[PDB]
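Protein sequence lines correspond, in order, to chains U and P. Start counting at 1 in the first sequence, then tack on 199, and there's your number in full-length UniProt numbering. Start counting at 1 in the second sequence, then tack on 1, and there's your number in full-length UniProt numbering. Each residue gets a CB set at the ideal place from its N, CA and C atoms; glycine is no exception.
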Amino acid sequence: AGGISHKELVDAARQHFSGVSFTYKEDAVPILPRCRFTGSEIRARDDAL
Amino acid sequence: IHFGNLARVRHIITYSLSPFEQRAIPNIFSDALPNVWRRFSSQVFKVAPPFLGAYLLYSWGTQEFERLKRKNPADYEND
Numbered sequence: 200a201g202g203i204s205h206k207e208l209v210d211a212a213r214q215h216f217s218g219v220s221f222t223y224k225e226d227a228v229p230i231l232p233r234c235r236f237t238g239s240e241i242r243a244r245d246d247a248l
Numbered sequence: 002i003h004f005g006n007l008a009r010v011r012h013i014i015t016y017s018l019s020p021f022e023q024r025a026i027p028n029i030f031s032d033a034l035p036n037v038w039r040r041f042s043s044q045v046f047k048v049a050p051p052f053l054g055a056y057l058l059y060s061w062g063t064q065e066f067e068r069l070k071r072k073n074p075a076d077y078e079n080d
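Structure, rendered in structure tokens:
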């Protein structure tokens, strides 16, 4: 963001962001195991606060 | 008023879960019943004793009283 040309930017990437992937697994954005919500409570008591 | 002026408490964490995320009467066998027994056991000998000791006194005095109503032939073997 700023005064930059998408072009001149996209190019620099091509140049320093090389390392191309061979297998398909490298192009695989892994899906994360769901996190379960739990109605509960945690009470940290310190009357000295 | 009464909550907040109670006592000085430090470093104690407590965790609990919404009643809807847990069981109303959990581990009836594995945990529940065993403790019911444990407790029964613990007290049985402090309680039961004097109760039983009374029961006797009851039964004794209760029957001994009946015995005092029946007649003793040894009062009439004299006629």
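In the structure shown, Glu78/P falls within a coil segment according to DSSP collapsed to helix, strand and coil.
Taking CB atoms only, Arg233/U has no neighbour in chain P less than 9 Å away.
Neighbours of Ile14/P across chain U, judged by C-beta separation under 7 Å: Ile241, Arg242 and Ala243. Not one beta carbon of chain U lies nearer than 9 Å to the beta carbon of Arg24/P. In terms of beta-carbon proximity, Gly238/U lines the interface with chain P, with at least one pair separated by less than 9 Å.
The shortest C-alpha to C-alpha distance from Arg235/U to any of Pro74/P, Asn36/P, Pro27/P and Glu22/P is the one to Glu22/P.
Taking C-alpha positions only, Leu18/P is separated from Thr237/U by approximately 7 Å. A direct Cα-to-Cα measurement between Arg242/U and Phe41/P gives close to 35 Å. Listed as beta-bridge partners of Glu240/U by DSSP are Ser17/P.
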